[PDB]
Amino acid sequence: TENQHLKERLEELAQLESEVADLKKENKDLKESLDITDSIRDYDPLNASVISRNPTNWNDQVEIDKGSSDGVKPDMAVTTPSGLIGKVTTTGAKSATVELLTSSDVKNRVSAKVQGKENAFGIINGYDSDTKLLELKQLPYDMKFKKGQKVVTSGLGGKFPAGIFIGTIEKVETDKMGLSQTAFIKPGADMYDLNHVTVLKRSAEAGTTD
Amino acid sequence: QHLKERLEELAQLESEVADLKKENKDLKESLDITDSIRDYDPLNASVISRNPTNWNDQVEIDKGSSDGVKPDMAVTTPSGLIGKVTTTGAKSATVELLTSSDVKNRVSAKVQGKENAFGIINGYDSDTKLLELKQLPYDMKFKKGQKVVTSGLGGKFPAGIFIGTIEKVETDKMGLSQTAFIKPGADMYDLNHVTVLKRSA
Amino acid sequence: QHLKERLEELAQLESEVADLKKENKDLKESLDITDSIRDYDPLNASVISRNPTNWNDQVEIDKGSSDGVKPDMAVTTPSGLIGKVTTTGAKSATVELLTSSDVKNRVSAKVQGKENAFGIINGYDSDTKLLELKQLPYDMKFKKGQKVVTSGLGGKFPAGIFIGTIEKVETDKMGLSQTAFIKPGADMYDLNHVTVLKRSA
Amino acid sequence: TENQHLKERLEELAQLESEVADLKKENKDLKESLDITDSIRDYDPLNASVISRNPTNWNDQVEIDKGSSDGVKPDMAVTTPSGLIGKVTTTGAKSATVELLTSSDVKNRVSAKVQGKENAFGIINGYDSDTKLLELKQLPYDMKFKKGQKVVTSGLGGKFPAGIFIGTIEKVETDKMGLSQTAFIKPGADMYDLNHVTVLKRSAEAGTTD
Amino acid sequence: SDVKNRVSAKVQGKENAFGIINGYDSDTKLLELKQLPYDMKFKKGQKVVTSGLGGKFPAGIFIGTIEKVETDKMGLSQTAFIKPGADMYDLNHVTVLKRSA
């Protein structure tokens, strides 16, 4: 099994890797042809490790070994290879606190986009400990969603680069008012056990519309 | 071990593909119409912020004062006019969209036809998703499909910018003018790359 | 006494007004495009029957065999192509509409563009209200708004008949061709006056 | 009162009368400019009187003094100045039976159109003795209707001329399936007391699509 | 024989039709021109050149000749079989086109 499937995978994986690199290069040329600098998807990453996590508030917060003097700033996105895990909240000289998507803070939110033949925008806001699902609120009521669509950061909140993978639509429903839809999402990154992590500095100019 | 290493960063890769594809297509479309409007002295910008609260009213771009961006300048995409610059900052600016709910928001328009009629675009319906073209000559006849562009009467926008298509047409109460309802050409729900027209010469 | 005499026949009068207005407008539109297609030898007809059961598939017109109407002839309105004649009778005939659900219903189409691409219109979605334009060249690029007309390849319809507008465009599975979704120009939900093109010379 | 309102009415009535006549003439010219004969709205009327009505089936049927030898034929529309009242069902040499809109025959129906900035089509089918309302079934589910819109004959059933006034939308609702709408209509013609009536021969070719 | 190998082609004719060259038969020694407009008519001998649609090759490069033409199953398009102009069995001197301007 340790080579029965990864043969068709680690292989079909490099498949997407080169496809990207090509698109990624083409995209770079286009933006150069036009006068486009610091687009909404660009960013400078910084690697870091979780150095402390309290079981009392395990799903709310984590502490990393990088801080102010390393360039870390409040509101920077924090991720892992398989997805978005949170944002920097408070920073010290050499360490910082990051609030996880699974946090119980009702004010916690992130601007997101649901990829489809036609994209839709909404706000991720709310985690359910039982269902293990993120709430995607305010999607257009007339657009139709299917289980499996990918959700990524829109960057429209002004602080995260766009394109970071968040998760997958798992369930969809209409809200009481009948004005919008709400999708429930399965985070792609596993946040129960965090060790190695990456803090993203957003390149695009900061937005004040929030 | 490497059974999760390059296995998890999969969905992230499929997402990069999808996003790059769309951004490349849109960016290509931008290149073609380049020389097509080189005269208006174009400035390419990115939408860097949009609030869900007033989603249809405005958007923020990463170009401002120090880039030649000044309030009232036209903002467009390859498929259409999307708005005008309002408040400007040093490195960014706010753009009022045609889909705005601000009742004072207006744009001088012309219907391309045998005979050219002028009108004021002023009003957007969230439901029908149509733009209101008020004040057209009461006895002139319009047909579904006629193209609507900016008139230029007012110095603000250059003339010739495509706005949308005549969808419906009706006579208002007074019996003095006609109102056409227009399908915007540009898609303003999903904005990313945008163009500021600095000069209307 | 006369308090009901000319009082009741009121709503009936207001109805005559509304109906005549619409019929006059549509009829005027017909006159303008007259010489515009005098070559195709037009035959003006009225829809005389339509069943709610198969509303979107067909319609019956008051012209047939003894009028020169023959199956496969194009049927149109000022704002667009609406179908083709199928079974014909002495004084009437059945018209298959573009909105039909008959999967075998097809029309050869051409997209007017820098480079002209041909495709087959084959399929209508009741929900999106869009026509399926299949088989367009995989590497040619299409933009929302390009006009689609009949190609003529097949002898059936004359070429140049306006069909609709490119709304969306996508690549099919195979990766061999593209499919555009089209907004029909003509309104087929409300048909009354119609035109049969007898000759495609 | 017998001249306090009819002064502003019989006057404002001739108002619509001349407006029509003008449109009506213009329409005639247009149809002549194009080669349009026997359009969907043309017809030859015949005057008649109700000569018998049984209280046992008062709302189902009525008998008129014109028949076969007068040109009356089954399926011809029967009206009065204020609206449509029914259709001819069986004919004899000098008299005929006409089924009223208020009939209890569930199979009874008429193709209709709801006038609006954008017309809608449906089938009138069913009368409620209590509410005194006609059922307009199968109107498009996404179109919106307002109380007061006029309903007329569409002619699409192949037997009536189009344009005969039927009544007014009074109530509107969505059906269980959620596929269409149903409007309830107030007949314009009062069918409780019928005397003078008019049988319409349809000019347009007959339709077999029914 | 690489099934993913493709080239965008155009048939020079009264009306120009586009298609994708994708497939070579060792036996008939013919190139497969897929996706041509179903109701357009092609004749043996029409010349096929590169279309350029895709930025890769310059347009106008001669590819071969229409030999046979047939309608595929679907009844949506036509496939022509083409006789390559160049002889690829014996290659020695060759030319690389650096710019497609």
# chains A, B, ... in the order shown; residues from 1 in each chain; ligands from 1
$ select_by_dssp --residues "chain E" --states "strand (DSSP E)" --output "PyMOL selection string"
chain E and resi 7-11+17-25+30-37+47-50+62-71+77-84
$ interface_residues --of "chain B" --to "chain C" --cutoff "8 Å" --atoms "only C-alpha atoms" --output "JSON, numbers by chain"
{"B": [79, 144, 145, 185]}
$ select_by_dssp --residues "chain A" --states "alpha helix (DSSP H)" --output "number ranges by chain"
A: 6-33
$ interface_residues --of "chain A" --to "chain B" --cutoff "8 Å" --atoms "only C-alpha atoms" --output "PyMOL selection string"
chain A and resi 2+6+9-10+13+16-17+19-20+23-24+26-27+30-31+33-36+39-40+81-83+115+119-120+122+150+152+155-158+163-165+188+204-210
$ residues_around --residues "residue 145 in chain D" --least-positions-apart "3" --cutoff "9 Å" --atoms "only C-alpha atoms" --output "PyMOL selection string"
chain D and resi 114+116+148-149+169+172+183
$ atom_distance --atom1 "CA of residue 97 in chain E" --atom2 "CA of residue 52 in chain E"
13.1 Å
$ residues_around --residues "residue 133 in chain B" --least-positions-apart "6" --cutoff "10 Å" --atoms "only C-alpha atoms" --output "list in words"
residues 106, 107, 108, 109, 110, 111, 118, 119, 120, 121, 122, 123, 124, 148, 166, 169, 178, 179, 180, 181 and 182 of chain B
$ residues_around --residues "residue 79 in chain A" --least-positions-apart "2" --cutoff "7 Å" --atoms "only C-alpha atoms" --output "PyMOL selection string"
chain A and resi 77+81+83-86+197-199
$ interface_residues --of "chain E" --to "chain C" --cutoff "12 Å" --atoms "only C-alpha atoms" --output "NGL selection string"
:E and (4 or 6-10 or 15-22 or 33-41 or 51-56 or 74-78)
$ atom_distance --atom1 "CA of residue 76 in chain C" --atom2 "CA of residue 42 in chain D"
22.9 Å
$ residues_around --residues "residue 75 in chain C" --least-positions-apart "6" --cutoff "7 Å" --atoms "only C-alpha atoms" --output "ChimeraX atom specification"
/C:81-85,194-197
